[PDB]
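In what follows, a structure is listed as structure tokens, so that the remarks can point back to it.
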Amino acid sequence: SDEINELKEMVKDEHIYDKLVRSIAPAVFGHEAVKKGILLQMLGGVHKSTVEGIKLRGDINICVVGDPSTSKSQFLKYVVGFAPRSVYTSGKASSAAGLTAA
Amino acid sequence: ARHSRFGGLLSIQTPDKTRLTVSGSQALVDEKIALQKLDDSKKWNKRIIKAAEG
Amino acid sequence: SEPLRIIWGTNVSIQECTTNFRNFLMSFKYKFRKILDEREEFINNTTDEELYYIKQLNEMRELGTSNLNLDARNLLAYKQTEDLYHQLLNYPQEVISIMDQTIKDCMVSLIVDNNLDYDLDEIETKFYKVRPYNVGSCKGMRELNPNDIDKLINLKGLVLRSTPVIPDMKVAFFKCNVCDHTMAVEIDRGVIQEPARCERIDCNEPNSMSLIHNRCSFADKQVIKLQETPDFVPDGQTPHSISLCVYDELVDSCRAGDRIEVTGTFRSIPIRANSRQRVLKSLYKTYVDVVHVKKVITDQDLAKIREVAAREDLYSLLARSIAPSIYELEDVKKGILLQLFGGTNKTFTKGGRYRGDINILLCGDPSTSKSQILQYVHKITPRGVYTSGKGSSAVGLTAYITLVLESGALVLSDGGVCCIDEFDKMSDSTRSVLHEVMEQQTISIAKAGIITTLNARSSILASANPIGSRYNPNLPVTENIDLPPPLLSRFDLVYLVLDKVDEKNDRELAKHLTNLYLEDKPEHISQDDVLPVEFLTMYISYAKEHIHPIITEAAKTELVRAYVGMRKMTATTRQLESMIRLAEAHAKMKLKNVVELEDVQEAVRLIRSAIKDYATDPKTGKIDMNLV
Amino acid sequence: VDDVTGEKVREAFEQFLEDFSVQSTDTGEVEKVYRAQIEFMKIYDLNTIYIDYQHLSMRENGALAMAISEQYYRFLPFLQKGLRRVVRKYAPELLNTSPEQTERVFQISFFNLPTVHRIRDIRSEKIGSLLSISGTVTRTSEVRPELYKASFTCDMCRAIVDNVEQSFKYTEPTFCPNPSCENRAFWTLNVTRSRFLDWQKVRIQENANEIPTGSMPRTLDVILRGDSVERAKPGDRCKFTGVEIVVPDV
DNA sequence: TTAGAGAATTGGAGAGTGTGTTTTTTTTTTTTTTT
DNA sequence: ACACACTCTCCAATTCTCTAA
Ligand SMILES: Nc1ncnc2c1ncn2[C@@H]1O[C@H](COP(=O)(O)OP(=O)(O)NP(=O)(O)O)[C@@H](O)[C@H]1O
Ligand SMILES: [Mg+2]
Ligand SMILES: [Zn+2]
Ligand SMILES: [Zn+2]
């Protein structure tokens, strides 16, 4: 009941969207655009298919490019530390078998 | 205290200078146990006799 | 008169060994050992008259602990045990057992004679064990011969790997199938003494008892793989290894890469030809059965440390003392000292953890003595590794699939310093592995059948020579160094060292190096006042454990100002964090609990000095050699 | 020969199940939660009962909880015998699983133990005690039927042997029970009369954030039975409780 | 009340018989021909 | 052919019973 009350209270707020964007990755200064992108990926779109039986992809893929000391790995560290279903992998120290199945 | 393969060996000498051999680490210190353990190895027991039914 | 107990094949009587060790244990006092030592002048009359082992036994009772150390030289000091010392080496299994049952009885005697409150049942329940050590000269692993079997031995070496704990049975449990009578049986010599018939009087039946596995009693066993130290290997050959069996208390003590000295009986056993039959082979297996392990505080130590920390010339004293025979290179020595102390480790509830470790790169001309400095750091550090660029693969440097996972250099070096030499020879493929480990201090792996992340709190000390192999003043500094920017950005300090000709410098250097050949085994050393390596190690270790500096508001203002100064003109955001970390390392070295303005300014000054910034053309990036 | 400790533990655990007698969450009224849980099981034809270790800790100065904790493997059959009588007393519909119906194999379960150990803390001194463990799952086996109680019939004569007990290896009778026949060979297992259990093997490894300096994670094999098979999933993090055992070279 | 002559029951000594045995990856360091 | 597991058989060691001094 108290969980429902708290959830209803924050659902009712006028400024909920801005607060949600502001609450992603608290330690990183600025870069609101990436934080907004991370939130939308975390929520995701709607999966669906047509009468023909073909499927339409319901989810979002993101890539971050940057020169050094730009703190770009902190976003990956936050995501893998927060999202319930997630895994962290380094492109150098991994194999096709270890990435898909072996 | 120490494990089952650490164990040394003990020799016990009687009067008339004859000697016996027993193993295990507690036998080194406890003669009562060594004397009891010595006889316990021996195979035979005399077989035995035995009143109500129905 | 009466029957006697004799160690098999010796005519040694157990009564004498028992009584002699009892007398030694209840009347030895430390002064005797000092009589055997070089001078009576050493003796502290107040302390050294005390009954050392009675004091130890009182502590064992009141701390609730079960094992007693014993260095064997004390058996030679007391007259009644001079022969017991030899008998210990020649007959360890019997003599050690005698010592155990002596100690337990003495502990009981103390509480019943001094009529103390402690539970007699508790002391009767416990096992007490002696652990002898410092037995004699160490023995080379290849020089153990078949005349050493079942005698005590001492070995030095390095630990490769440890198997998981194995359950070893000690008591068997039987239950009667028909009448449910039960018996507990003692295991000796590896053989279960199963009863012929059920022992209950009215159920005297054959084949009637049976074993119940999970109601037996077991004990822990583990096997450790020890490797020969390079000091002993024959000419033109590769090191060997020997296996150690270890039990109970000592089981999980030691990790891969540890360096130890041990003490134990050297044993041998047969092995079967096949698992079906009693047929044995003529060659026997050999191993070591350890009873003690050693790694290779007082108010006086604290007084010495606090008194040394009050000296005015402390920073220069410590720096010139890490590598005494190396001439000048003071800034390099200072930077290495601060790497030894390190920053502070930080962990938040959220927002992650921040590394305390410092990474250093030494770059410059040949013959400048870079590799000689890496030798000192490799021997000073408690844990660490030295390696070469052409000697290292990506797998070997981090971790190896073998289905089991195995450790590489950066993992063995955890919490220590990893020295890498000829850094400019390894390929871009191998160097790319270091990005993640340096930034995060973790190693992520995802390969067939294994996926995980491991911790690597490892400090890197690197050595390289520029492109063209001698520093070219017609190229800018970044082009001479030639590491790519994502990797060059990860070092806290980068040093340029240059082979500049100067008659003043050259006469001093020549006099210094030639003075080493005026003696056969030199006593000469570069400076009048340096600290011994042991005490210096004590200082650094204590300061790492007890001291944890914090940022002061004044330090915060100076750091912001200094960063904006270097930035406004290239300084990256990492220059700020490395400055914070260097300032923290400087604060520990003075045993302060706070970072102050002085520490921040020293951190800034050392960064500017290392990369020759004052001599750098601010626009072209070339260095004026005349200003060096 | 008979173990007095077992019978006393049995009929003490009986009294705990009867009269733990905690008061209501809202009021000072006795509620008797474990009897209510038995009634709930009767309503839904369940086969497992959950017990709180804190409730057992405060009972009868803690001696019962100590006996259960340190010697679980000795006392588990006596706990089963204790529970069977109470369920008979208050809910005899639960004793059975038309022709005749075989007996229900009840399962006792415990939770909220005082502390959780790591895989690295398993040591042979704790064999047969009650424990709780945590780790990440890395593999799981398919569900297999395990033979729990067996029944055999002779080939050379019309005779039957029943309720043979297995432990770790597949086990068969020692004699022909009819003295008119001596054949020991050619037994067959009656699949209708014998009884099986669900069995699943799973494999776990240490939590990554707990690994000590310079070390690598150890692993362990865990057994799941009854209504808890297929509950675990690869890559998830779990907490387990039970007893550690020792398995032979069959 | 002792003891000695005869009968019945059991143990295991030891002799015999049959038996079993030899014997597609996936990951990682290194040389070689191919674009 | 060489250690093992298992079966078969005979013989004497043992205790029990009856009789008379
Ligand atoms: N300042 C110095 N103090 C002591 N020895 C020095 C000094 N400068 C040079 N040397 C000696 O010169 C040699 C330097 O060898 P080394 O340590 O390999 O230098 P390096 O910087 O590693 N050169 P290189 O391996 O060619 O890049 C050693 O014999 C040193 O003892
Ligand atoms: Mg060199
Ligand atoms: Zn029995
Ligand atoms: Zn039959």
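Figures for the structure shown
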item	result
C:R189 being among the basic types (K, R) and farther than 22 Å from B:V22 by Cβ	no
Qualifying position, being outside any helix (DSSP H, G or I) and within 34 Å of the chain's Cα centre (by Cα), among C:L25, C:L57, C:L76, C:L68	C:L68
Pairs, first at the interface with chain D (Cβ under 10 Å from one of its Cβ atoms) and closer than 11 Å to C:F218 by Cβ in the stretch C:168-183, second within 16 Å of ligand 1 (Cβ to nearest atom) and outside any loop (DSSP other than H, G, I, E, B), C-beta under 7 Å, six or more apart	none
Pairs, first closer than 19 Å to C:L76 by Cα in the stretch C:37-50, second among the basic types (K, R) and not in a helix (DSSP H, G or I), C-beta under 9 Å, six or more apart	C:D48/C:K29; C:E49/C:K29; C:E50/C:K29
Given (1) within 13 Å of another protein chain (Cβ to nearest Cβ); (2) within 16 Å of DNA strand F (Cβ to nearest atom); (3) not β-branched (V, I, T), index of the condition D:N183 fails	(1)
Filtered residues of the stretch A:40-83 (kept if over 9 Å from the mean Cα position of the chain (by Cα) and among the small types (G, A, S))	A:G45, A:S49, A:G53, A:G58, A:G66, A:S69, A:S71, A:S73, A:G81
Selection status of C:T442, under 26 Å from the mean Cα position of the chain (by Cα) and either of a type in the set (V, I, T) or within 16 Å of DNA strand F (Cβ to nearest atom) (or both)	yes
Complete set of residues in the stretch D:214-229 that are part of a loop (DSSP other than H, G, I, E, B) and under 17 Å from the mean Cα position of the chain (by Cα)	D:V229
Filter result for C:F266 (more than 16 Å from ligand 4 (Cβ to nearest atom), within 17 Å of C:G157 (Cα to Cα), surrounded by 15 or more Cβ atoms within 10 Å (Cβ to Cβ) and aromatic (F, W, Y))	yes
Single residue of C:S444, C:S458 found to be under 30 Å from A:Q74 (Cα atoms), away from ligand 1 (no atom under 16 Å from the Cβ) and within 14 Å of chain A (Cβ to nearest Cβ)	C:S444
Residue within the stretch C:414-437 that is among the acidic types (D, E) and at the interface with chain A (Cβ under 9 Å from one of its Cβ atoms) present	yes
Residues (within 10 Å of another protein chain (Cβ to nearest Cβ), part of a loop (DSSP other than H, G, I, E, B) and not polar (S, T, N, Q)) located in the stretch A:82-102	A:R85, A:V87, A:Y88, A:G91, A:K92, A:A93, A:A101, A:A102
Yes/no for D:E165 being at positive phi, away from ligand 3 (no atom under 16 Å from the Cβ) and under 24 Å from the mean Cα position of the chain (by Cα)	no
Filter result for A:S73 (part of a helix (DSSP H, G or I) and surrounded by 15 or more Cβ atoms within 10 Å (Cβ to Cβ))	yes
Scope the stretch D:162-191; condition in a strand (DSSP E or B), in contact with a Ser or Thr (Cβ under 7 Å, 6 or more places away or on another chain) and surrounded by 13 or more Cβ atoms within 10 Å (Cβ to Cβ); matching residues	D:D162, D:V164
From the options A:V64, A:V79, residue that is among the hydrophobic types (A, V, I, L, M, F, W, C) and within 14 Å of chain C (Cβ to nearest Cβ)	A:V79
Hits in the stretch C:478-501 (condition: over 17 Å from C:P366 (Cα atoms), more than 31 Å from the chain's Cα centre (by Cα) and more than 14 Å from chain A (Cβ to nearest Cβ))	C:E479
Qualifying residue in the stretch C:194-217 (condition: more than 14 Å from chain D (Cβ to nearest Cβ), aliphatic (A, V, I, L, M), surrounded by 15 or more Cβ atoms within 10 Å (Cβ to Cβ) and in a strand (DSSP E or B))	no
Set C:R197, C:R215: member being within 16 Å of DNA strand E (Cβ to nearest atom), touching a strand residue (DSSP E or B) at 6+ places or on another chain (Cβ under 9 Å), within 30 Å of D:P248 (Cβ to Cβ) and charged (D, E, K, R)	C:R197
Selection status of C:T238, of a type in the set (S, T, Y), within 11 Å of chain D (Cβ to nearest Cβ) and either surrounded by 14 or more Cβ atoms within 10 Å (Cβ to Cβ) or under 48 Å from the mean Cα position of the chain (by Cα) (or both)	no
Matching residues, the stretch C:378-394, being among the aliphatic types (A, V, I, L, M) and either assigned to a loop (DSSP other than H, G, I, E, B) or within 9 Å of C:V417 (Cβ to Cβ) (or both)	C:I380, C:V385
Per-region count, the stretch C:423-474, residues among the aliphatic types (A, V, I, L, M) and part of a strand (DSSP E or B)	10
Residue within the stretch B:19-40 that is more than 28 Å from C:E124 (Cα to Cα) and assigned to a loop (DSSP other than H, G, I, E, B) present	no
Extreme residue, farthest from the other protein chains (Cβ to nearest Cβ), among residues of the stretch C:84-95 that are under 22 Å from C:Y30 (Cα atoms) and surrounded by 15 or more Cβ atoms within 10 Å (Cβ to Cβ)	C:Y85
Conditions (1) surrounded by fewer than 17 Cβ atoms within 10 Å (Cβ to Cβ); (2) in a loop (DSSP other than H, G, I, E, B); (3) within 26 Å of the chain's Cα centre (by Cα); number of the one not met by C:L403	(3)
Residue ID - farthest from the other protein chains (Cβ to nearest Cβ), chosen from residues in the stretch B:28-54 that are more than 24 Å from C:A196 (Cα to Cα) and surrounded by 10 or more Cβ atoms within 10 Å (Cβ to Cβ)	B:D30
Residue tally, condition in a helix (DSSP H, G or I) and in contact with a strand residue (DSSP E or B) (Cβ under 8 Å, 6 or more places away or on another chain), over the stretch C:488-528	1
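Let's see how each residue does on (1) within 16 Å of ligand 2 (Cβ to nearest atom); (2) closer than 24 Å to C:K295 by Cα; (3) under 36 Å from the mean Cα position of the chain (by Cα):
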{"residue": "C:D121", "(1), (2), (3)": "no, no, no"}
{"residue": "C:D148", "(1), (2), (3)": "no, no, yes"}
{"residue": "C:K156", "(1), (2), (3)": "no, yes, yes"}
{"residue": "C:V159", "(1), (2), (3)": "no, yes, yes"}
{"residue": "C:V165", "(1), (2), (3)": "no, yes, yes"}
{"residue": "C:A184", "(1), (2), (3)": "no, no, no"}
{"residue": "C:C203", "(1), (2), (3)": "no, no, no"}
{"residue": "C:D220", "(1), (2), (3)": "no, yes, yes"}
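As a convention, Cβ positions derive from the backbone with ideal geometry for all residues, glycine included, and neighbour counts pool all protein chains shown. Only the coordinates and a few stated rules stand behind these numbers; no lab work does.
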